[PDB]
Amino acid sequence: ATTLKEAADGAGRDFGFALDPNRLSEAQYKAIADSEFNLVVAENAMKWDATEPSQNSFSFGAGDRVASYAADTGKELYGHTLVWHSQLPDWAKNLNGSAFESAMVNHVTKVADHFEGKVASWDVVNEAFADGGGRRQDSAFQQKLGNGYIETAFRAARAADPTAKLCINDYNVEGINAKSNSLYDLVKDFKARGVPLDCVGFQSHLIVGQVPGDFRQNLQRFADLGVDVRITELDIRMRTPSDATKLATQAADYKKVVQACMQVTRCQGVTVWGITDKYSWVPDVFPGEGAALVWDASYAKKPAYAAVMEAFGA
Ligand SMILES: O[C@@H]1[C@@H](O)[C@H](S[C@@H]2CO[C@@H](S[C@@H]3CO[C@@H](S[C@@H]4CO[C@@H](S[C@@H]5CO[C@@H](O)[C@H](O)[C@H]5O)[C@H](O)[C@H]4O)[C@H](O)[C@H]3O)[C@H](O)[C@H]2O)OC[C@H]1O
Numbered sequence: 043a044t045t046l047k048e049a050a051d052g053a054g055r056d057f058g059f060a061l062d063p064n065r066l067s068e069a070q071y072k073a074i075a076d077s078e079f080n081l082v083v084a085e086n087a088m089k090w091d092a093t094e095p096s097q098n099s100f101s102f103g104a105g106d107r108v109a110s111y112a113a114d115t116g117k118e119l120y121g122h123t124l125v126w127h128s129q130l131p132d133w134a135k136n137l138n139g140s141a142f143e144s145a146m147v148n149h150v151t152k153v154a155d156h157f158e159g160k161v162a163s164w165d166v167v168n169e170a171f172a173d174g175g176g177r178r179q180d181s182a183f184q185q186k187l188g189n190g191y192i193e194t195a196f197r198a199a200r201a202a203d204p205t206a207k208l209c210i211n212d213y214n215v216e217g218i219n220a221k222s223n224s225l226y227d228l229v230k231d232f233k234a235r236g237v238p239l240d241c242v243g244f245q246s247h248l249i250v251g252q253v254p255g256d257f258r259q260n261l262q263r264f265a266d267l268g269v270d271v272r273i274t275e276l277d278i279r280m281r282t283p284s285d286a287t288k289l290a291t292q293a294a295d296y297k298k299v300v301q302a303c304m305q306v307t308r309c310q311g312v313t314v315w316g317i318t319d320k321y322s323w324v325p326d327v328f329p330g331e332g333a334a335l336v337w338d339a340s341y342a343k344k345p346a347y348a349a350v351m352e353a354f355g356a
């Protein structure tokens with residue numbers, strides 16, 4: 043393998059990235075996008091704010107640009123995300139009861155129908171659970187609709203798109219803990235009752251030096267419920283600026299995560315949350331943290347690059 047794309051291809055797995063379609067006009071970004079990945083997800087372009095800015099009025103230009111990019115370069119297209127408490131427009135937050143449920147169902151239906159036959163898998167529901175266990179405590183969906191909204195979203199997604207793989211996605215669920223246990227209970231329940239659900243995403247927003255040692259075991263127990271598993275938003279952030287020690291640890295951490303996936307037969311692959319540190323979400327949310335991705339801010343391969351290639355068995 044001369045690229046991460048080749049390494050993942052050879053491993054029979056996906057290696058993806060989070061795309062900002064506006065950055066496609068930056069040729070270096072596009073070069074790496076084109077050559078290093080076999081899967082793409084919209085970083086923002088297919089979220090509710092980006093697709094339904096007013097009630098039942100849709101803005102698919104940006105999402106279409108992502109879908110077209112995937113089709114033009116022969117990459118799998120992963121959909122993110124139909125139902126999520128964040129990046130939810132004020133008009134939706136202002137609705138209540140059945141009016142709110144209807145806006146959710148309509149959102150799921152229209153977006154899934156629009157991308158049907160293009161998007162292969164959806165994050166139907168994103169970040170439904172709470173650190174420490176149970177349901178998320180600051181969600182419009184949880185508050186207005188209660189426990190049943192997850193099942194409602196999945197069934198609506200399947201009604202719109204009979205064949206797309208329908209995933210639930212979350213973070214801080216990589217290890218076995220109260221959060222991943224709650225997620226596990228739901229997945230088992232849905233499979234038991236025949237609720238449409240095909241996959242589970244593990245965001246893997248990790249901190250350098252802190253990869254859960256039970257990650258493989260956790261992925262395996264989910265896979266054994268009869269669903270596929272995927273690492274969906276991998277980045278491994280550090281205190282900036284980087285140095286040799288931090289970059290070495292980060293490389294080892296990337297290797298650990300990719301190996302965990304390689305060790306689980308139903309782990310579809312790994313998607314990193316961006317290409318270059320230049321554009322990563324991390325520094326804006328975590329002051330003084332960053333350098334979380336595989337390429338630095340000048341597009342140089344970091345040691346993480348070799349680690350990923352090695353982990354895919356290249
Ligand atoms: O106006 C919009 C504008 O909002 C966007 S900016 C956009 C914001 O969304 C991000 S994607 C981002 C990916 O991470 C997930 S999970 C995230 C993780 O961090 C937690 S703290 C957590 C605690 O425990 C630690 O050990 C663990 O490692 C930590 O991660 C945080 O609370 C949680 O939210 C996140 O939810 C999600 O927002 C995009 O990349 C940005 O671009 O741009 C478009 C504009 O129109």
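Count along the sequence shown starting at 1, add 42, and that's the number in full-length UniProt numbering.
Note that the Cβ used here is the ideal one computed from N, Cα and C, for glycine as well.
Problem - Start-to-end residues for the alpha helix (DSSP H) that takes in residue 177 - result: That residue, residue 177, is in no alpha helix (DSSP H); it is neither H nor E in DSSP.
Exercise for the section: Check whether the Cβ of residue 315 lies closer than 7 angstroms to any heavy atom of ligand 1, and answer yes or no. Expected result: yes
Exercise for the section: With DSSP collapsed to three states, give me the class of residue 307. Expected result: coil
Exercise for the section: Buried or exposed for residue 77, please, with buried defined as at least 16 other CB atoms from any protein chain shown within 10 angstroms of its CB. Expected result: exposed
Exercise for the section: May I ask you to list the residues that DSSP assigns as paired with residue 313? Expected result: 58
Problem - Where residue 118 sits in the DSSP three-state scheme - result: strand
Problem - Spatial distance of residue 105 from residue 84 (CA atoms) - result: 7 angstroms
Practice task
Would you check if the distance between the CB atom of residue 126 and the CB atom of residue 169 is smaller than 8 angstroms?
Solution key: yes
Problem - The beta strand (DSSP E) enclosing residue 270, as first and last residue numbers - result: 270 to 281
Problem - Cβ-based neighbour list, residue 132, same chain, cut-off 6 angstroms, excluding 5 preceding and 5 following - result: none
Exercise for the section: Answer yes or no: the CB of residue 260 versus the heavy atoms of ligand 1, is any distance below 7 angstroms? Expected result: no
Handout entry: residue 244: first and last residue of the uninterrupted beta strand (DSSP E) it sits in
Key = 241 to 244
Handout entry: DSSP state of residue 332 mapped onto helix, strand, coil
Key = strand
Practice task
Figure out for me which residue from 275, 355, 281 has the closest Cα to the Cα of residue 165.
Solution key: 275
Handout entry: Cβ contact (3+ pairs, closer than 8 angstroms) linking the stretch 213 to 222 and the stretch 138 to 149
Key = no
Handout entry: Burial state of residue 96 (16 or more Cβ within 10 Å)
Key = exposed
Exercise for the section: Please find out if some non-hydrogen atom of ligand 3 comes closer than 7 angstroms to the beta-carbon of residue 323. Expected result: Absence of ligand 3 is noted for the structure shown, with ligand 1 being the only ligands found.
Problem - residue 128 versus residue 109: straight-line alpha-carbon distance, rounded - result: 22 angstroms
Practice task
Confirm, please, whether the CB-CB distance from residue 284 to residue 356 is below 8 angstroms.
Solution key: no
Exercise for the section: Determine the DSSP secondary structure at residue 127, reduced to helix, strand or coil. Expected result: coil
Practice task
Can you tell me which of the three DSSP states residue 164 falls into?
Solution key: strand
Exercise for the section: Drop a sphere of 10 angstroms on the beta-carbon of residue 117, count the other beta-carbons inside from all chains shown, and report buried for 16 or more, exposed for fewer. Expected result: buried
Exercise for the section: Drop a sphere of 10 angstroms on the beta-carbon of residue 204, count the other beta-carbons inside from all chains shown, and report buried for 16 or more, exposed for fewer. Expected result: exposed
Practice task
Answer yes or no: do residue 354 and residue 50 have a C-beta to C-beta separation smaller than 8 angstroms?
Solution key: yes
Practice task
May I ask whether a heavy atom of ligand 1 can be found less than 7 angstroms away from the beta carbon of residue 158?
Solution key: no
Practice task
For residue 298, collect the residues of the same chain with a Cβ closer than 6 angstroms to its Cβ; drop the 5 residues on either side in sequence, then sort them by chain order.
Solution key: 253
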